[PDB]
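A single chain, nothing else alongside it, follows as structure tokens in the form deposited in one PDB entry.
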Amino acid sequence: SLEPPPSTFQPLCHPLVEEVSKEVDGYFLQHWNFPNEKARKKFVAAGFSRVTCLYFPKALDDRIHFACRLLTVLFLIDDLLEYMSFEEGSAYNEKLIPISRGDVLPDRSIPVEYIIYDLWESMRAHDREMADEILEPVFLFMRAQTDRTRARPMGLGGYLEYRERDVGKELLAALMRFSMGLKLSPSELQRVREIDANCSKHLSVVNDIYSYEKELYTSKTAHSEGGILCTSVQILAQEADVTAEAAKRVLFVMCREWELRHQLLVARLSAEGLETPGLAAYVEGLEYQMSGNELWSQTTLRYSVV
């Protein structure tokens, strides 16, 4: 009942996905405290490093693991917060922020704390400038996750606006630039803000589409606010008074419109003499994120489960 409408975007996968997914995953299964075997198995099932390689297929060969580690740990935390109140979730996230900047050593007895620490240390050690560029976008993401807006009345327009942060658009962009060693100037970024905003809705909604059942479930099982159902699928379903599945099919078509928009905005940037080689590398990178994201969402067992 969810045949993806046609797209001109073809995703790519990083050639070293096999290797990277091996180390990363082993690492977490080794240091991350698992509730039980049933959890560590589902962990391996989600395929977090394959998402990373799907998202950043053109990443440099020695930087793709950094990306798989950060997204993995963020996913792991992402779920943890669902059983917490906005207040608890916020405190959990806030203690990790100083640790991410490396201003507070981690309680080595708490995996989430030293994992976060080592990871960011590893990245700064590899490339400080770019590493540091990911810090505030990650912090932006983290604070959106438990933001009070999560409960206030919100239509499609306002939701897409809040989702940009909660989906971590900026974090992914900076992660992509870091991983590809793609440096852009403070004026090259400004030139692509419409492109980034457009891409953020696409990532967000495609994810909302496939993660709806999972969220509907934790909605009825997790914490009252932590697992609050906040998604475009529910919003559009209610606004149009159709089923969630109908909403998915309409939202999917809308995503294609954002894809067209992406192509149009890029041609625009290219039309006016503004498309620099770095930007070309970037905008094409965003496309990979949108297609990679969709492909993973269509397959991962993280979205096909109880």
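When you see a residue number, it is the position in the sequence shown, counting from 1.
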Other PDB entries, at least a third, lacking residue 223: yes
Determine, for stretches 154-162 and 215-223, which one has the higher mean CA B-factor as deposited. 215-223
Looking only at CA atoms, which has the higher mean B factor in the entry: 37-45 or 238-246? 37-45
What's the residue among 268, 256, 262, 65 with the greatest CA temperature factor in the PDB record? 268
Checking the entry, which one of 200, 185, 93, 145 has the top C-alpha B factor? 185
The third of the chain into which the C-alpha temperature factor of residue 21 falls is the highest
Which third of the chain holds residue 120 when residues are ordered by C-alpha B factor: lowest, middle or highest? middle
Entry-reported C-alpha B-factor of residue 72 relative to its chain, by third, is middle
Going by the entry, which third of its chain does the Cα temperature factor of residue 137 land in? lowest
By its CA B factor, does residue 208 count among the lowest, middle or highest third of the modelled residues in the chain? lowest
